[PDB]
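> This is the structure alone, sequence omitted:
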C-alpha cells in the first residue's frame, strides 16, 4: 500500500509589488523578493498545477508617507486554501519625496524537469 505525507510545492520567489501614485512619494527602500511555499492536500496541488503562474504579492501603500513603514504582504492569484508559507511576510517600505528610483526587477525562469531519461 502506498503512503503520502501531505503535499507541498514552492511557488517561487515573487516580485514585491508596491501600490502607490507618483504624485505622492517615491520608493527609497523596500523588499526585493519574497518566497511563497504551499503545503496541503495532494489533490489541490494537482488542480493548481493545471494553471500557469498568475500569483502576485502586493500592498497598497498610498496611505504611507515619509519614513520607513512595515506592512504585511497581501496575497492574490493563487487559491489560498492550502497552508501558505511565506518568507518575510512583513516588509519594510520607505516612502519619501521623490528623488530617482531604479527598477531592480529579477524575472527569473523555471524549468520543468521530471522526465527520467536525460541520457
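Perfect, thanks for sending it. Numbering: from 1, shown residues only.
> Now name the helix or strand holding residue 94.
Taking DSSP states H and E as the criterion, residue 94 maps to strand 90-96.
> by contact count, what packs against that strand?
Secondary-structure packing of strand 90-96 (3 or more Cβ pairs under 8 Å, 6 or more residues apart in numbering; DSSP states H and E): strand 26-29, strand 68-72. Using the backbone N, CA and C atoms, a C-beta is placed for each residue, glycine as well.
> Mind putting those strands into CSV with mean neighbour count?
Shown next, in CSV, are those (neighbours: other Cβ atoms under 10 Å):
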stretch, mean neighbour count
strand 26-29, 15
strand 68-72, 13
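> Show the backbone phi and psi for the spatially most central residue of the chain.
Geometric centre of the chain, nearest residue: residue 14, 3.5 Å, by Cα atoms, centre = their mean. Note on residue 14: backbone dihedrals following degrees, to the nearest 10 are phi -100, psi 150.
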